[PDB]
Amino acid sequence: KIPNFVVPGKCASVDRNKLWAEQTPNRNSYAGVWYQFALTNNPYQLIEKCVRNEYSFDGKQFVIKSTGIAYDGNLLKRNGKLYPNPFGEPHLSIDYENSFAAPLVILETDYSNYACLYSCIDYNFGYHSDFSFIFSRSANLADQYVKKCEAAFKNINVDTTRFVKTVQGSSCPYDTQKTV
């Protein structure tokens, strides 16, 4: 029970089929660059600051190039993929090199400003861990969009006070990050 990302109870039901209906035809619009505006405590994100995720869609998957400042303060690039769950479940799997793959539900997105992302894993002792993100198309994110994400996470009983803001903005060397 001790870490704040280990939470009583089964992973939430999040109405995946409605979401998959909404999103499948708009995969093309989800490509491009997304900045990680905020996230809940995540022991698997190696990139601490200036997190910049670049998605290319190929018709079957997305290829991701994630860059930013690692926790030791150095530049870091991570290779990712985002593809339909291999068992035919109505969600995607997010898979990164030298890591593992997890379910990734887009709870809500307008494609042009924000996306609200959610992953959950169940334990055999009746608890779960989940990991949530707020993505923006820019370094900052208007309040109105931040509040949309807050509502979508509260709708599935994710405690939104768990979100922490990620360093973004003028202190980030994005232009270097894009060179890889």
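The first residue of the sequence shown is number 1, and the count goes up from there.
Taking only CA atoms, the mean B-factor in the PDB entry is higher for 167 to 175 than for the other of 16 to 24 and 167 to 175. Per-stretch averaging of Cα B factors for 101 to 109 and 68 to 76 places 68 to 76 on top.
The PDB entry assigns the greatest CA B-factor among 52, 128, 60, 148 to 60. Among the modelled residues of its chain, residue 115 has a C-alpha B-factor that falls in the lowest third, as given in the PDB entry. When all modelled residues of the chain are sorted by CA temperature factor, residue 39 is found within the lowest third. The PDB entry assigns residue 142 a C-alpha temperature factor belonging to the middle third of its chain's modelled residues. Sort the modelled residues of the chain by CA B factor and residue 45 lands in the highest third.
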